[PDB]
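Enquirer: When you line the sequence shown up against PDB author numbering, it's residues 10 to 48, 68 to 309, in that order.
Built from N, CA and C at the ideal position, the CB exists for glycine as well.
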Amino acid sequence: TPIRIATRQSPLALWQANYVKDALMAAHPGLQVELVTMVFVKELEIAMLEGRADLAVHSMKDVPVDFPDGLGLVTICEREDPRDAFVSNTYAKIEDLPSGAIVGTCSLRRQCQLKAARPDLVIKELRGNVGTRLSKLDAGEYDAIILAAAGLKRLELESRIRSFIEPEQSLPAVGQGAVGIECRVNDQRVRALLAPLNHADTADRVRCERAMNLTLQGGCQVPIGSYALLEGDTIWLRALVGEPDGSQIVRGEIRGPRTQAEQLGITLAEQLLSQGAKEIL
Ligand SMILES: *Cc1[nH]c(Cc2[nH]cc(CCC(=O)O)c2CC(=O)O)c(CCC(=O)O)c1CC(=O)O
Ligand SMILES: [Mg+2]
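Here it is, written out as structure tokens:
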């Protein structure tokens, strides 16, 4: 019987769903995979619980803090470009923006980092899908907008990237550029098929980034950057918590043994909490 992938109708969701689908068929010759369109990720998980679906593809940023009984995140694929992208028709990068320029972003994480470096900037809300966001930019509603580099590259929109904002300039959200896969824990047929898609290097990084995030707070509603490289077998984790208006920014660093990756994040988060990260709310 065909393996079903629960996915939204959005271009990004459809791409990620097809990515795993193709990856599955490449690793397992003769395997049948099909996509089930749906309609707040709860609806996706219910379908898997109701046996209307097998696995679901998520961006690691959008993976919830709590998994319903019977489910969980068992796989993390090879990571794409983790950092933010600067998108403007009239400008190249951040420092080329005039004082009081209008930069659309709905992300508390991206906003707090911009106001920190340049408080002068006027930050306006940005909503809609990827195409809708670009549509507003061409309408002159913004001087510039900031989108994830991964999303644009996967949509072949890569020409819309004027400059790559480095992790130093803007710290990526937890698991940004990383694609995770969720399924039924006790489904061994699926667990065994999703095993080759798992990237060990990427896995330890994101699972380290998560533990840091989880300790502080959940979801994307909170202005928290979480990003980790790995140098050889050593994991370098950087975390960020700050005021949305760019008042104060609390940064931290730690360097890992590869095995303690989950323990690193929870310790660094506790380290920041003692440094005033708790008072930020
Ligand atoms: C977690 C929250 N979701 C949104 C939009 C979002 N989520 C995932 C992606 C793709 C990147 C990836 O695959 O890792 C995107 C698109 C994007 O532009 O990042 C974002 C907020 C975007 C916004 O315009 O506000 C994040 C919030 C965050 O990153 O802080
Ligand atoms: Mg989209």
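With three or more C-beta pairs closer than 8 Å as the rule, is the segment 112-128 touching the segment 232-252?
Expert: With a cut-off of 8 Å, the segment 112-128 and the segment 232-252 do not count as touching, because too few Cβ pairs lie within range.
Enquirer: Report yes if the C-beta of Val158 is less than 8 Å from at least one heavy atom of ligand 2; otherwise report no.
Expert: Within the cutoff, so yes.
Enquirer: Who are residue 64's beta bridge partners in DSSP?
Expert: Missing from the coordinates: residue 64, inside the break in the chain from 48 to 68.
Enquirer: Do you know how far the Cα of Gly168 is from the Cα of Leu292?
Expert: Going by the C-alpha atoms only, they are around 44 Å apart.
Enquirer: Return yes when the C-beta of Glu108 is under 8 Å from any heavy atom of ligand 1, and no when it is not.
Expert: The answer is yes for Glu108.
Enquirer: For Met47 and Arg17, what's the separation of their Cα atoms in angstroms?
Expert: Their backbone Cα atoms lie some 5 Å apart in a straight line.
Enquirer: Are there three or more Cβ pairs, one per stretch, closer than 8 Å when the segment 208-228 is compared with the segment 155-166?
Expert: Touching, no.
Enquirer: Count the C-beta pairs between the segment 74-84 and the segment 257-268 that are closer than 8 Å, then say yes if the count reaches three, no if not.
Expert: At 8 Å Cβ cutoff, the stretches do not touch.
Enquirer: Looking at C-alpha atoms only, which residue of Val85, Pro38, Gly39 and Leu33 is the closest neighbour of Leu21?
Expert: Of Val85, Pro38, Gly39 and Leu33, the residue nearest in Cα terms is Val85.
Enquirer: Following the continuous alpha helix (DSSP H) through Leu185, name the residue where it begins and the one where it ends.
Expert: Note, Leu185: premise wrong, no alpha helix (DSSP H); not H, not E.
Enquirer: If you scan the segment 256-302 from start to end, which runs of the beta strand (DSSP E) of 3 or more residues do you find wholly inside it?
Expert: As far as the segment 256-302 is concerned, its whole beta strand (DSSP E) runs of at least 3 residues are 262-270 and 277-284.
Enquirer: Starting from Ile122 and walking both ways along the alpha helix (DSSP H), at which residues does that stretch end?
Expert: First-last for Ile122: undefined, no H or E at that position.
Enquirer: Taking the beta strand (DSSP E) that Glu210 falls in, what are its first and last residues?
Expert: Start and end: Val207 to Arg212.
Enquirer: Looking at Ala305 and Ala297, is the spacing between their C-beta atoms short of 9 Å?
Expert: The answer is yes: Cβ separation under 9 Å.
Enquirer: In the DSSP assignment, the beta strand (DSSP E) including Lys152 goes from what residue to what residue?
Expert: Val150 to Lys152 is the span of the beta strand (DSSP E), which, as asked, contains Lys152.
Enquirer: What ranges does the beta strand (DSSP E) occupy inside the segment 99-174, keeping only unbroken runs of at least 3 residues that lie completely in it?
Expert: Runs of the beta strand (DSSP E) inside the segment 99-174: 99-104, 112-115, 130-132 and 150-152.
Enquirer: According to DSSP, is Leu225 helix, strand or coil?
Expert: Coil at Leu225, not helix or strand.
Enquirer: Is the Cβ-Cβ distance between residue 64 and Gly203 less than 9 Å?
Expert: For residue 64, no position is available: the coordinates of the chain end at 48 and pick up again at 68.
Enquirer: Is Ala81 helix, strand or coil when you go by DSSP?
Expert: The answer is coil: DSSP assigns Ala81 none of H, G, I, E or B.
Enquirer: State buried or exposed for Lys30, treating a residue as buried only when at least 16 other CB atoms are found within 10 Å of its CB.
Expert: Per the 10 Å Cβ criterion, buried.
Enquirer: Identify the continuous beta strand (DSSP E) that holds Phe192 and give its terminal residues.
Expert: Element bounds for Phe192: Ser191 to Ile193.
Enquirer: If you compare alpha carbons, which of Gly98, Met240, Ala172 and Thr262 is closest to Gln216?
Expert: The candidate whose alpha carbon is nearest that of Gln216 is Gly98.
Enquirer: Should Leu300 and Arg283 be called a contact, given that it needs their Cβ atoms to be closer than 9 Å?
Expert: Not closer than 9 Å, so no.
Enquirer: Under the criterion of a Cβ to heavy atom distance below 8 Å, does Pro126 qualify as lining ligand 2?
Expert: No - ligand 2 has no heavy atom lying nearer than 8 Å to the Cβ of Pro126.
Enquirer: Buried or exposed, going by whether 16 or more other CB atoms sit within 10 Å of the CB of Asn241?
Expert: Burial call: buried.
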